[PDB]
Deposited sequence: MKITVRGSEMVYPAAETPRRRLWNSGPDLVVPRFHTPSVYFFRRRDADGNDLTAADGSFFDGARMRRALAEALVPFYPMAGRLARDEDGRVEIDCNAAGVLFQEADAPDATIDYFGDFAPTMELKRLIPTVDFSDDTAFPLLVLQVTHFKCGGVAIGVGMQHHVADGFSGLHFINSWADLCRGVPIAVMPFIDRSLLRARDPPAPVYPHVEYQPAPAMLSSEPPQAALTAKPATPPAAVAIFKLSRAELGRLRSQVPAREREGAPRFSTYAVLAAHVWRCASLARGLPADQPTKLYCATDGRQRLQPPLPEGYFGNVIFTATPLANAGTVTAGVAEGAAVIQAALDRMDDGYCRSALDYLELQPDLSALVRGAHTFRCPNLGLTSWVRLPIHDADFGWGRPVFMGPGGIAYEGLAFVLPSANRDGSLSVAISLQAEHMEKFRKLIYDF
């Protein structure tokens, strides 16, 4: 598919910004190392057919966007910084307003519909500017690219470095970028200081934090990527396979626990894991309302703690009910005490870059399932309308999956996932087999 770079320029903050070092919390430092690939799609028209082009005839005007960008780079000023170690080796952010990369591009021969279901395939990744990772102190924390398409359609490819923000804060920035570009003031100001997620003095962890321990191994084959939608009705059915035990007294399983158990099960069956094979499911968890007192809105960075349900495949593949209980218990266990204890625990390891989650974390027999269901991924209205889709621009690792809210409020959920190719073939036949 032919794509040309119309042009690229480093954008800089639209005012004075402190040239400080930013302390990175433990969570900021264990999330995966590179950039979070995100991709938006907008159509020139719809939903009825209405033209979305502005009065002034603009549709995603580069200059107007670089302008908002620069402005939003002021409160969110560390988005402009660079990665620096410290007097120890501990990665922190160097706020040096060295700017973010922005860049326009053209897809003259192809409509957006070329991407079909928008699976985070290899092809989709090209909508994002490529970074050179070989000098992590050099590359910008935020690369951007707005691609204009053969039928008036537009694609924003976002590449945000993990240390900087999680889905919540990252989307805070992007949505704020789109707010300015639309002529609206930022509703909530980023809190830049990540002091609130500092360990206790001295560290007193009360758990061994299974989430930071080495994933289970089997007692490299390239990976296929696909996306699977489950309607509100299918989700209902799946849920009904989970008998809400009256005699127990406990609350019903969350929808996540049910969907995740189903995915964990399909993945385990797809991979042909024998019954005694242990398997670990990684579930990124938002600590914003786990911690007490709650973090202040606008808190800027990662508040991601990790729930890792762990069981034998036999338990997981025996049914959704049994997997969901394991998952739901793992989740319920993430309270203020557990989260704060995880802070203390990370403060004790020597090199945190050994705890960074990567390919070793998520690959067979294990799994990651990251939910964006609660994230405002469809809020980015720059002035020309809400996107028709947003999701991961690629999936770096075999075994990693994402849950995505429906773009059109229809109550469906989509699962985007990378598996070994032979496993994916099976998985396609399993994921709806219920």
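When the deposited sequence is numbered from 1, the one segment without any C-alpha atom is 220-233.
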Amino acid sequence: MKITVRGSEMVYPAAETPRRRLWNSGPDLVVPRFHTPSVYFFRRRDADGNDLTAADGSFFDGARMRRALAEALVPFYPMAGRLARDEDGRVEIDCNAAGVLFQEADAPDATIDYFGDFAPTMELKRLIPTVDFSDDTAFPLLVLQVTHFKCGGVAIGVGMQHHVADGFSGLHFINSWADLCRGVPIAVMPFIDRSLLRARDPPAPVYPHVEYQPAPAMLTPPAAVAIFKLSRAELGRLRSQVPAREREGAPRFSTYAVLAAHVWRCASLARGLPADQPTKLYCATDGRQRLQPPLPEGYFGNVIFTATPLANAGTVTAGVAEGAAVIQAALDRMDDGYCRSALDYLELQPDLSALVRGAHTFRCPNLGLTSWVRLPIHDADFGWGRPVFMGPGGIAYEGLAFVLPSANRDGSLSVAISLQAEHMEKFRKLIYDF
From here on, numbers count along this sequence of modelled residues.
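The question of which stretch, 307-315 or 167-175, has the higher mean Cα B factor is settled in favour of 167-175.
For the two regions 109-117 and 272-280, the entry's Cα B-factors average higher over 109-117. You'll see in the entry that, of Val131, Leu259, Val206, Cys364, the Cα B factor peaks at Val131. When the C-alpha B-factors of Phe382, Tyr397, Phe402, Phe389 are read from the PDB record, the largest value belongs to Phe382. The deposited CA B-factor of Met189 belongs to the highest third of values across its chain. For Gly337, the recorded CA B-factor ranks within the lowest third of the chain. Only modelled residues enter the ranking.
The deposited CA B-factor of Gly81 belongs to the middle third of values across its chain. Annotation for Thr36: CA B-factor lies in the middle third of the chain's modelled residues. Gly393: CA B factor lies in the middle third for its chain, per the PDB record.
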